[PDB]
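Just so it is clear, A, B, C and D label the chains in written order, and each chain counts residues from 1 on its own.
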Amino acid sequence: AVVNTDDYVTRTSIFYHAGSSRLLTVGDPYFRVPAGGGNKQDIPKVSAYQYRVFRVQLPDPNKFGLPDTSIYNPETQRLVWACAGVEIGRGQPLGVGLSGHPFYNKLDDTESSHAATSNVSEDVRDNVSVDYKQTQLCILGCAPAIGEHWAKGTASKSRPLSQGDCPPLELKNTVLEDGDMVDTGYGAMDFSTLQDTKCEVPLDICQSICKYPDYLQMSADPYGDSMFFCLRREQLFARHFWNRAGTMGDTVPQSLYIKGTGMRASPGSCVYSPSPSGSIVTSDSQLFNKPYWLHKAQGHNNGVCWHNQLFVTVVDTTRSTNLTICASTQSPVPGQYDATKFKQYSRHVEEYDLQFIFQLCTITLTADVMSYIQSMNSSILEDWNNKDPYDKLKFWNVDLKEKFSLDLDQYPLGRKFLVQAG
Amino acid sequence: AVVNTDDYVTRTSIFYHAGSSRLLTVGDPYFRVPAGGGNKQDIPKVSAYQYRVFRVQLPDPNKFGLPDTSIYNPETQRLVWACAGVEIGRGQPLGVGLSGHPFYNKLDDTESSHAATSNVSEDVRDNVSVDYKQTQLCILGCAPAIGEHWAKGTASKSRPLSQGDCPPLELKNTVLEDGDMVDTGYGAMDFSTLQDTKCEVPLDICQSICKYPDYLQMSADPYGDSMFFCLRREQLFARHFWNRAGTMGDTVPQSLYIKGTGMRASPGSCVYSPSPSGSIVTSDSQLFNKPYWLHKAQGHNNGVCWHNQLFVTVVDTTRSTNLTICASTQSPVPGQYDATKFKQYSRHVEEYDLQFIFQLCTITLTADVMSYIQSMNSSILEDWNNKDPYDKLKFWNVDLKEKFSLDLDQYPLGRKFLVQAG
Amino acid sequence: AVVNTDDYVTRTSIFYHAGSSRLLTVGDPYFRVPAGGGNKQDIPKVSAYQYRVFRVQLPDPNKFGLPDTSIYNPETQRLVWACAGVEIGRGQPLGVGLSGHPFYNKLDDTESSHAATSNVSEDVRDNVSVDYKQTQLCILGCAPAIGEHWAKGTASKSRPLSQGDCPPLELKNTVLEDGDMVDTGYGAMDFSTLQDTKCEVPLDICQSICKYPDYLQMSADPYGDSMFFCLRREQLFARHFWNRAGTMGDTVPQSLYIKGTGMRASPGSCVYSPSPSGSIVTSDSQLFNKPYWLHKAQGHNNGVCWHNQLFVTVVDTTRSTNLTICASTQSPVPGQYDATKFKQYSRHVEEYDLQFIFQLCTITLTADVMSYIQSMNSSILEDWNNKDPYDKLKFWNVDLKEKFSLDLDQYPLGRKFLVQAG
Amino acid sequence: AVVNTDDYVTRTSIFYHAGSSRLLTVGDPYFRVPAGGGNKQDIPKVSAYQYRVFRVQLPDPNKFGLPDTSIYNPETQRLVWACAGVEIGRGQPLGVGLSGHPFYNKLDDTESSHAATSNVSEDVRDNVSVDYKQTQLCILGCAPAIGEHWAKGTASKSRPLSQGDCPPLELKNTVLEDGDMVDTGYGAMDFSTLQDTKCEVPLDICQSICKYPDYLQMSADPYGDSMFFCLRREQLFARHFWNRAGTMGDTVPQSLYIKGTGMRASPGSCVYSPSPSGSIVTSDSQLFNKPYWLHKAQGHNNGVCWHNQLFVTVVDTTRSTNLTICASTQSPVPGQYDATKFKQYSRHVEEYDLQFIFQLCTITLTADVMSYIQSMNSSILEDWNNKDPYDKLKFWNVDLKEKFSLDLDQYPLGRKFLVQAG
C-alpha cells in the first residue's frame, strides 16, 4: 500500500533558494537548418509550440555542507530536497506567430463557398498559414511526465491490411522529452506515419509527433512522482472550414442523400477539418512570472525530489512572435528595389528563467521504511550506499548544484517566500 | 405522499471508492462503416455530438463482503449503495471538429445579398460544413434520463393528410440511450421523418433523432430516481445566414409586401436557417476532470442507488477534433503528387474515465417502510428476496463489482474526498 | 398618500405551492396561416420575439378551504395571496433563429462598398435575413405591464399632412398583450403606419407594432401594482451597414459637402440602417429555470396579488431555433432530386412552465383601511362584498385554482423555498 | 549582502504633494519633419507607440527649508525623499490609431487565398496599414529602466558574414530613453540593421529600434533602483496572415513535402508574418488616471529617491487617435471638388500630468551605513558633501523644485492620500 510522503519524510525549517541563470535559445521555428550549407554551426528547430523539458539537477544533500551538520544523524537517516516554491520566468513580449505549408492540402472553402468549386483535379494544393491553438501548461515532478498520442496500430497476421485501407489506431504512452510538439489543434497523433500526403498539417508538425499530457494516467499513478504540480490553460476556435483533396476511403451510404446529375451525381469530399485559432492573447490570463507554492500535492509524493532531481515540463504559446530578418545579396544595398536580391530568414527566440525554493528533509531509515523505499524505487537506496534510466532521452539540463543559497532575502522569490510564510 | 430518502435510509460511516478502467472508443464521426467492404469488423459511429449513457453496475452490498458484517442485522435490514462523490474524466485534448453534407440544401447567402454564383443545372446544392453548438452536460441517477424530441404526429383517420402538406408536430418523451444524437443547433427533432430531402442538415444527424433532456419532466418526477444531479453548460451563435431551395408550403400573405416585376414579381424563399457555431472553446469553462460532491440532491432520492445500478449520462463536445488519416494506393509511396492515389479517412476518438465514492447505507425493513417501497418500486423488495425493464435499450455497461476498495487514500478521488470531508 | 402594503397587510406563516402543467404552443414564426387553405384549423403566429403575457388566476382565499379556518376572523378581516417565490421554466434547447423579407429594401452595402453601386432605378430589393437583438425579461404584478411605442398621431385641423411629407411621432402608452412583438433592434414603433413600403424590416414585424416596456412609467406608478418584480437582460451589435432606396425627404444641406460631377454631382441616399444581431447566446447568462424570491418589492405593493390575479410578462429570445419541415409532392418519394417537388415549411415551438410560492395574508378592515382601499381600487372591496377593465385584451390564461398545495416538500420550487428559508 | 532601505532610512510623518503642470506635445506620428521645408521649426515625431521617460527632478531636502528644521540633526544625518503615491494623468480621449507603409512587403494573403497568387517577379509591394498591439505600462525608479532588444551580432573576425547570409542575433541591454519605440507586435529588434528591405514593418518602426523592458534583469538587480513599481497590461491577436516576397534563405527540406509540377514544382515563400491587432480598447481595463500607493516595493529600494531624482517610464497605446488635418491650396476654397487641391497632414497629440506624494526621510550617517552607501553608489554621498551619468540620454525633464507643498488637502491626490491612510 502506497503512503503519503508526509508520513516518513520529516521536514526541517531550513530553506534554500536556487535559480537558473538565463535560459536562452534561438533557431528556426519550422525545421532545423542543418550545419554548413551556407554559414557555419547549425540552427536548432525552436518553436513556441514544442514542450520545454528542463531536467533540474540538485546537489546531493548528504554530501553537501550544511549550515549545521547536526540537523540529522548521518548514521540513522538520510537527506532529501523538497520543492516548496517555483517561479518560471518568461522573457520576450507577448506575441502571435503563424505556421504554414507551401503545399497545404486544401480542396476548397466549405464554410460558405460562393457556389460550386474546383473539380478533383490534381495539386490544387495552396499556400496557407494559420495561428495555432493557445496553450500554457506547467508540470513538476521528480520523474519526467508521460504523454499520449495516436499512432498506427499493429500489423497482426489475421487480416493483412489490403494497402489503401485505413490502419487501426492505437493510443501510445511515452515520455515527454524536450522538443516534442504539442497539440496545435490538429489532434495529438503521429503525422509522419498516419498521413502519407505530408501536406495535411503545417510544416513544423508535418513530420513530427504531437503528444498531449496523459493527465488521467499521471493522476492514477500509484506513487505520484510523475506530477505533484499541474497548471494548464488552453483555448481555441475554428477560423476557416475546408475540404480535403483525394478520394473518399469510407464511402457515404446511399441512404443519406438524394442522388443528382452531373458533378452532383456523386458525393464529393466529406472529410472536413477546420484551421485552429487561439483567440486574443492577453496578460490578464497569463500563467507565468508568478510564484506558485506547493502547499500540499495532489499525489502521494508531496514535492520530494528523489535522486536530487526535478523535472519542469513547460509549454507557453503566448509568446510566439517570429522575427523576420532579411539581408541583401548586393553589398552596397541597391537603390532600386528587387525582391530576388533579398534573402528572407525566420528566427524565433525562447527565454526562460527558473527559480526555486527548496526545503531540507530527513528520512529515518528504519527497517520497514527501507523495504518500502526498496519497493518504490530500489535505486534510491543504492545512491545512499552508475546508469540512469533517462540518459536515452532529450532534456534541457539545468545544473543547480552551484546555485543554492541560504539567505532567501537576497532573491526575488526568496523575499516573496518570506512574505508569504509570514 | 413521496418521502425524502434521508428519513428511511440511514447512512453509515463506511465509504468505498470505485472506478472504471479506461473507457475508450474510436470510429467514424458521421456514419458507421459496413464491415468487410474493405477491412474486417465494423467501424462504429463515434461522434462528439452523441449521448454517452453509462450503465454502472454495482455489487450487491448484501451479498458483499463487508469489513465487518455487524454494520447491520441481516434479519431486518438491507444494504444500499448511496452516491457521495463523482468525477468524470476526459482524456483527449480540447478541440473543434466540423460536420458537413456533400449536398447541403443551401439556396444562397441571405446574410447580405453578395454577388452571383456560377451554375448550369437547377440543382444548387453545395458542399458545406459547420461547427455545431457547444454543449456540456452530466446527469446522474439510478434510472435512465428522459429526453424529448419532435416527431411526426399521428395522422388522424378523420382528416387525412394529403401528400405534400405539413404534418402536425408531437412532442415525444423517451429514454436517452447511448449513441443518441444531441441538439446540434438545428433543434431537437426526427430529421429522418420531418425532412424527406435528407439534405437539410449535416450528415451525422441526417437520418437520426436529436434529443434534448426533458429537465422539466425529470424535476417534476415524484420520486426523482431519474436525476439527483444535473450540470449543464451550453452556448452558440449564428455564423452564416441561408435560404432553403424548394417551393413554399405556406404562402406569404399578399399584404406583407408590394409586388414587383421580373423575378421580383413573386416572393422567393422565406424559410431561413442559420449555421450554428459554438464560439471559443476554453479550458476555463470546463465542466469535467473536476470532482463533484452530492451533498443534498434536488429530488427526493438522495444519491441512493436502487437495484445497485447507476446511470451516468454525459455530453462533451469540447473535445471534437476529428483525426484525418490518409494512405497511398501505391506501396513505394510515389514521388509525384496525385490526389487520386490517396484515400482520405476520418476518425474520432472518445476517451473516458469514471470515478465514484459510494457510501454504505442501511434500511430497517418495518411494516410501513416495506409497503412504501412496495408502491415506489416493487422490484426492489423482490431482489432482496429475472428480467430487466431496460434490456431493450443500448447502454455502455461499466461493471464495478470487482472495483470497490475501502482505502480511499490510494485513489485520486479518494484523497480529494478525505480532504473535503476534513 | 400611498402607503407600503407591509403596514396594512399582515403576513402569516402559511405557504402554498402552485404550478401550471406544461404550457405549450407551436406555429408559424412569421405570420399566421389562414385555416383550411391546405389543412384544417389555423396555424398561429408563434415567434420568439413576441411578449408572453400569462394571466395567472388564483383561488379566492376567502371562499377557499383552509388547513384551519382560524387563521383569521372572517367578520373583521379578509385574506389576500402575496407572492413569495417564482420560477419560470423554459423547455426547448438554446438556439438562434433568423427573420427575413423576400423584398427587403436594401439599396447597397455602405460598410465598405468595392466602389460605386447600382442606379437608383426602381426595384432593387433583395432577399435578406437577419438575427435579431437578444432579449430576456420578466415582469410580475397584479396588473398588466405597460408598453411604449412610436405611432403617427393625428393631423390637427390647422396644418395638413401633405402626401409624401414625414408624419409627427407620438409616444403611445399601452398594455402589453400576449403576442405583441418586442423591440428587435429596429426600434419600437408601428411599422404598419410609419412605413408604407412594408419592406423596411423583416416579415414578422413588417406590419406589426414593436413595443418596449415603459419601465420609467411603471416605476413612477403611485401604487406599483404594475410591477413588483422586474428582470431584464438585452444585448446586440451591428452586423452589416446598408442604404435605403427611394428619394430623400430631408434634403442634405449644401453646406455639408462639395459638389462633384456625373453620379457624384448629387448626393445619394443618407438613410442608413444597420442589421441587428445578438452575439453569443450562452446558458451562463441565462435568466430562467432559476428561482427568484420576492424579498421586498421596489414599489409600494409588496407582491400582494389583488383580485387574486397575477400577470407574468415574459420575453425569451435565447430559444428561437425554428424547425425546418419539408414533405414531398410524390407519395413514393422519388430517387431523383428536384426542389420543385418538395414543399418547405417553418414551425416554431414555445414551451413554458410556471411555478409559484404564495403566502396567505390578512387585512384587518378598519375605518381608514377601507377608505384607503376605496381610493386605491374600489373594485377590491366589491369582490369581498360585473366586468373587468381587461376582458378586451388578449392574455394567456393560466388557471391555478386547482393547483394549490400545502406541502412544499412535494415540489421542486417548494424544496428550494424551504432550503432558502432555512 | 544588500539590505532593505527600511533598515537604514527612517521615515518621518511629513508628507509633501508635488505635481507637474500639463505636460503636452503634438507632432507627426510616423517620422520627424525637417524644419523650414514648408513652415518654420521642426515637427517632432510624437507617436503613441514610443516610450515616455520622465526624469523628475526633486528639491534637495537638505538645502530645503522645512516646516521645522529640527526634524533631524544636520550634523549627523541627511534627508531623502521617499515616494509614497503616484498618479499618472492622461488627457486625450480613448482611441485607435493606425500605422502603415506605402511599400509594405506583402506578397499575398495566405490566410485563405482563393487559390494561387501572383508571380514572384519583382515589385508586388502594396500600401497596407495596421493597428498595433495594445500596451500599457508604468515603471518608477531612481534610475532609468532597462530595455532589451535583438541586434546584429558582432561580425566574426573568423567568419565574415558572406553577403546575403543570415547574421547572428545578440540580445542587447540598454537604457529606455524617451522616444524609444515599444514592441508593436512585430517583435523587439533593430529593424534598421536586421531588415535591409526597409519595408517589412510600418513606417514609424521602419528604421527604429523597438525595445522591451527587461523585467527579468531589473528584478534580479541587486539594489533594485531600476524599478520599485511595475504595472503592465498588454493584449493582441492575429488579424491577417501574410507572405514575404524575396528568396528563401533557409531552404525547405525535401523530406517535408512532395514535389509537384508547374508553379508547385518548387515550394514558395515560407516566411509568414501576421499583422498585429489590439482588440477592444475599453475604459474598464484602463491603467492610468488612478492613484497608486507604494506600500512596500518589490526590490530592496522601497521608493527611496536617491540623488533627489525619479524616473517615470510610461507606455500607453489606448490613446492613439491621429488628427487628420487638411488645408486647400486655393484661398477662396473651391466649390468644385478636386483631391489634388488639398494637402493631407497627420498629427498626434500626447497629454500628460504627473502627481506625487513624497515622504521626508532621514539617514543617520554612521560608520557602516556610510561604507554601505559607499559600496551602493558613492556619488550619493558626494552631493551631501559636477557630472551626471545620464547626461547623454534623451529624457523629458520635469522640474518639481518649485512644486512641493505641505497641505495635501488642497490637491486631488492629496485628498485621496489622506482618505486612504485613514
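What we mean here is this: contacts are C-beta pairs under 8 Å (C-beta built on N, C-alpha and C of every residue); 3 or more make two chains touch, one makes a residue touch a chain.
By chain, UniProt protein names: A, B, C, D = Major capsid protein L1.
In summary, the interface at A-B recurs among the listed pairs A-D, B-D or A-C; the equivalent pair, sharing over half of its contacts by residue number, is A-D.
Of the two chain pairs examined here, B-C and C-D, it is B-C that is joined by more C-beta pairs in contact. A straight line joining the Cα centres of chain C (Major capsid protein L1) and chain D (Major capsid protein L1) is 53 Å long. The distance from the centre of chain B (Major capsid protein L1) to the centre of chain C (Major capsid protein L1), with each centre set as the mean of the Cα atoms, comes to 33 Å.
Multi-chain contact residues of chain B (Major capsid protein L1), defined as those touching 2 or more other chains: 103, 123, 125, 197, 279, 337. Contact residues on chain D (Major capsid protein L1) toward chain C (Major capsid protein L1) in their complex (touch as defined above): 334-337. Looking at the complex, you find that chain D (Major capsid protein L1) touches chain B (Major capsid protein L1) at residues 258-261.
On chain B (Major capsid protein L1), the positions that touch chain A (Major capsid protein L1) within their shared complex are 22, 24, 26, 28, 30-31, 33-34, 37-40, 43, 89, 91-103, 109, 114-115, 117-121, 123, 125-131, 197-199, 203, 206-207, 239-240, 277, 279-284, 289, 321-329, 331, 333, 337-340, 342-347, 349, 351, 353, 407, 409-410, 412, 415. Of all residues in chain A (Major capsid protein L1), those touching chain B (Major capsid protein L1) in their complex are 1-2, 4, 103, 110-117, 120-125, 133, 148, 150, 158-159, 161-167, 169, 171, 183, 185-189, 194-197, 200, 212, 214-216, 219-220, 222, 232-238, 241, 243-253, 255-258, 260-262, 264, 267-274, 276, 279, 285, 298.
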